[PDB]
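Residue numbers (the entry's author numbering), protein chains in the order written: chain A, 637 to 795; chain B, 359 to 395.
Even for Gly, the Cβ is constructed at its ideal location relative to N, Cα and C.
What follows is a set of notes on a single structure, which appears directly below.
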């Protein structure tokens, strides 16, 4: 983010590099998630480690970078839904998914300011917001104290 | 970590910053513009 300042004449190069990095991360995340959930059989542990590792990087970058063109809300929200439905997901996976989805919602708002977006985008943002709060509430009354702590922080800031 | 918490632990900063740390000034404005008088 410090090297991606527009006023400096390096945005083209740093943006090319940014685009490659985020692209590889996104393709790997989607490919891994397809086999991860899969609805068909039981998942292993090393692939869970890889999924957590990739998500920890996507989340870390989505806090200062507008990773919106690579729409991930579907992926994160699906992952969280399978988590509620089964009740066996890893805690850190839940935490970082719950973080990345807050980030995508916040950036979606960041782009609703120019007024270039139609009324459909505002209603889409409302639809994503109400969906998010509902999932966060359940995760505010979980067994894992780390999960409940992350829920509280995110819910308070969103409100 | 204690240096940071002495930077931001003051209640004036505790009541003017997000709980989940947001680094980009865009998102910081998205939050802090909701801080009225």
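Output the boundary residues of the alpha helix (DSSP H) element that contains residue 746(A).
727-746
As assigned by DSSP and simplified to three states, the class of residue 646(A)
coil
Residue ranges of each beta strand (DSSP E) run of no fewer than 3 residues wholly in the stretch 767-795 of chain A, ordered along the chain?
none
Chain A contact residues for residue 363(B), given Cβ-Cβ distances below 7 angstroms:
Correct list: empty, because the minimum Cβ distance to chain A is about 16 angstroms.
For chain B, check one thing: does any of its Cβ atoms lie closer than 8 angstroms to the Cβ of residue 732(A)?
no
Which of helix, strand or coil DSSP assigns to residue 718(A)
helix
Spatial neighbours of residue 791(A) within its chain, please: CB distance less than 6 angstroms, with the 5 preceding and 5 following residues excluded, ordered by chain position.
772
Which of the three DSSP states, helix, strand or coil, is assigned to residue 760(A)?
helix
Taking its Cβ as the centre, do 16 or more other Cβ atoms sit within 10 Å of residue 735(A), making it buried, or is it exposed?
buried
Assuming the contact rule is C-beta atoms closer than 8 angstroms, residue 793(A) and residue 389(B) should be a hit. Round their C-beta distance to whole Å, please.
7 angstroms
Given residue 728(A), which residues of its chain have a CB within under 7 angstroms of its CB, disregarding the five upstream and five downstream residues?
688
When you compare each of 778(A), 683(A), 697(A), 667(A) to residue 382(B) by their alpha carbons, which one comes out closest?
697(A)
Whole angstroms are fine: how far does the CA of residue 660(A) sit from the CA of residue 387(B)?
30 angstroms
Give a yes or no on whether the minimum CB-CB distance between residue 391(B) and chain A is below 8 angstroms.
no
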